[PDB]
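Notes follow the structure.
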Amino acid sequence: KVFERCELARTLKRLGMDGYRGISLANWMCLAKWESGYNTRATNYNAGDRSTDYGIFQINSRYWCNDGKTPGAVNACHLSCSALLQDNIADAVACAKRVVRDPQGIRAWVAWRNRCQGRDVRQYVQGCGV
């Protein structure tokens, strides 16, 4: 599924992401936008290390989900990576929360650092009623 901007903002709010571990809803929006274009079925293979990024937040298989084909990987979210490709983003959100529970927090995603950190991200939630 490819979410509409405000549709996703309300969906994320309902899932308890607004201010999760100090991260505003606008930041999560900026993250999903740059990571996948709000596309839950987006996948990205990293030929360089044999891992794959899955779903709306493009979560990596080396540490977060299990896909059976990533060398010496773990599964912190304790989910099949398939779970990160559903139209229903409840599991992906649960996993994203797990990711930010680590020290880096939202900084875990380099794209967030490049296109969200230190910027005016209000635009992502404007008019959404969140």
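Labels for the structure tokens follow display order: chains A, B, ..., residues from 1 in each chain, ligands from 1.
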
Might you pull out every residue within 8 Å of region 1-10 of chain A, with only C-alpha atoms counted and same-chain residues fewer than 3 positions away left off, and present them as an mmCIF file with C-alpha atoms, in the first residue's frame?
```cif
data_model
loop_
_atom_site.group_PDB
_atom_site.id
_atom_site.type_symbol
_atom_site.label_atom_id
_atom_site.label_comp_id
_atom_site.auth_asym_id
_atom_site.auth_seq_id
_atom_site.Cartn_x
_atom_site.Cartn_y
_atom_site.Cartn_z
ATOM 1 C CA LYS A 13 -0.990 8.781 15.687
ATOM 2 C CA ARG A 14 -3.543 6.051 16.365
ATOM 3 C CA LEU A 25 4.801 12.506 14.434
ATOM 4 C CA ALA A 26 6.227 14.919 11.814
ATOM 5 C CA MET A 29 6.376 11.145 8.557
ATOM 6 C CA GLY A 37 7.571 7.253 -0.281
ATOM 7 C CA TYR A 38 4.981 5.905 2.195
ATOM 8 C CA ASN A 39 5.066 2.495 0.448
ATOM 9 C CA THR A 40 4.599 -0.538 2.683
ATOM 10 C CA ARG A 41 5.778 -2.985 -0.002
ATOM 11 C CA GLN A 86 1.864 -5.796 5.034
ATOM 12 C CA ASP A 87 -0.604 -3.029 4.158
ATOM 13 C CA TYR A 124 4.489 16.665 6.747
ATOM 14 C CA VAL A 125 1.556 16.904 9.216
ATOM 15 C CA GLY A 127 -3.817 19.835 7.563
ATOM 16 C CA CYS A 128 -3.896 16.232 8.761
ATOM 17 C CA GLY A 129 -5.737 16.953 12.010
ATOM 18 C CA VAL A 130 -3.050 15.435 14.195
#
```

Requested in this report: Could you give me, as a ChimeraX atom specification, the residues within 12 Å of residue 45 (chain A), counting only C-alpha atoms and dropping anything in the same chain fewer than 6 positions from it?
Outcome: /A:51-55,58-62,67,69-70

Next, dump the selected residues to file, keeping only C-alpha atoms, as a short mmCIF file (atom, residue, chain, number, x, y, z; two decimals), in the first residue's frame.
```
data_model
loop_
_atom_site.label_atom_id
_atom_site.label_comp_id
_atom_site.auth_asym_id
_atom_site.auth_seq_id
_atom_site.Cartn_x
_atom_site.Cartn_y
_atom_site.Cartn_z
CA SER A 51 20.85 -7.55 3.71
CA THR A 52 17.52 -6.10 2.61
CA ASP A 53 15.50 -3.08 3.79
CA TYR A 54 11.79 -3.77 4.21
CA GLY A 55 8.62 -1.72 4.09
CA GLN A 58 12.84 0.39 5.25
CA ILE A 59 13.93 -1.65 8.27
CA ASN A 60 17.07 -3.76 7.78
CA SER A 61 17.24 -7.57 7.99
CA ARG A 62 20.70 -7.72 9.57
CA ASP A 67 14.46 -13.28 6.22
CA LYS A 69 19.07 -15.20 3.77
CA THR A 70 21.05 -12.50 5.61
#
```

Closest-contact table, region 9-37 of chain A side, partner region 101-113 of chain A, 8 Å, counting only C-alpha atoms, as a tab-separated table:
```
residue	atom	partner	partner_atom	distance
A:21	CA	A:101	CA	7.1
A:23	CA	A:106	CA	7.2
A:30	CA	A:112	CA	7.3
A:31	CA	A:112	CA	5.5
A:34	CA	A:111	CA	6.7
A:35	CA	A:111	CA	6.8
```

Query raised in the report: Smallest atom-to-atom distance to residue 97 (chain A): which of A:20, A:11, A:65, A:43, using only C-alpha atoms?
Result: A:20

Report task. Quick one: pick out all strand (DSSP E) residues within region 27-120 of chain A from a backbone DSSP run and write them as a PyMOL selection string. Result -> chain A and resi 43-46+51-54+59-60

Selection above as a file: N, CA and C atoms, as a compact mmCIF listing (two decimals), in the first residue's frame:
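Result went into result33.txt, see below:
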```txt
# COMPACT_ATOMS: atom_id res chain seq x y z
N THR A 43 11.04 -2.62 -1.00
CA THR A 43 12.12 -3.48 -0.53
C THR A 43 13.39 -3.00 -1.20
N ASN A 44 14.51 -3.15 -0.52
CA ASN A 44 15.76 -2.70 -1.08
C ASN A 44 16.88 -3.63 -0.69
N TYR A 45 17.46 -4.28 -1.70
CA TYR A 45 18.55 -5.21 -1.47
C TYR A 45 19.86 -4.43 -1.47
N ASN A 46 20.69 -4.73 -0.49
CA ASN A 46 22.00 -4.11 -0.32
C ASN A 46 23.02 -5.17 -0.72
N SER A 51 21.99 -7.78 2.84
CA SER A 51 20.85 -7.55 3.71
C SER A 51 19.81 -6.84 2.86
N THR A 52 18.58 -6.75 3.35
CA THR A 52 17.52 -6.10 2.61
C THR A 52 16.72 -5.20 3.56
N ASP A 53 16.30 -4.06 3.04
CA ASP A 53 15.50 -3.08 3.79
C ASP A 53 14.05 -3.36 3.44
N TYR A 54 13.19 -3.45 4.45
CA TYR A 54 11.79 -3.77 4.21
C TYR A 54 10.71 -2.78 4.65
N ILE A 59 13.20 -1.03 7.18
CA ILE A 59 13.93 -1.65 8.27
C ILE A 59 14.83 -2.77 7.74
N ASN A 60 16.07 -2.80 8.22
CA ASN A 60 17.07 -3.76 7.78
C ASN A 60 17.06 -5.15 8.43
```

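For the residues A:33, A:57, A:117, A:122, ranking by smallest atom-to-atom distance to residue 96 (chain A) using only C-alpha atoms places A:57 first.
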
Report task. Run DSSP on the backbone and give me the residues of chain A it puts in helix (DSSP H, G or I), as a PyMOL selection string. Result -> chain A and resi 5-14+25-36+81-85+90-100+105-108+110-115+122-124

Query raised in the report: CA of residue 15 (chain A) and CA of residue 90 (chain A) are how many Å apart?
Result: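 Between these atoms lies a distance of 7.0 Å.
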
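For the atom pair formed by CA of residue 121 (chain A) and CA of residue 92 (chain A), the distance is 21.7 Å, given to one decimal.
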
Query raised in the report: Restricting the calculation to only C-alpha atoms, which member of A:12, A:99, A:17, A:81 is positioned closest to residue 68 (chain A)?
Result: A:81

Query raised in the report: To one decimal place, how far is CA of residue 50 (chain A) from CA of residue 95 (chain A) in Å?
Result: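 CA of residue 50 (chain A) sits 20.6 Å away from CA of residue 95 (chain A).
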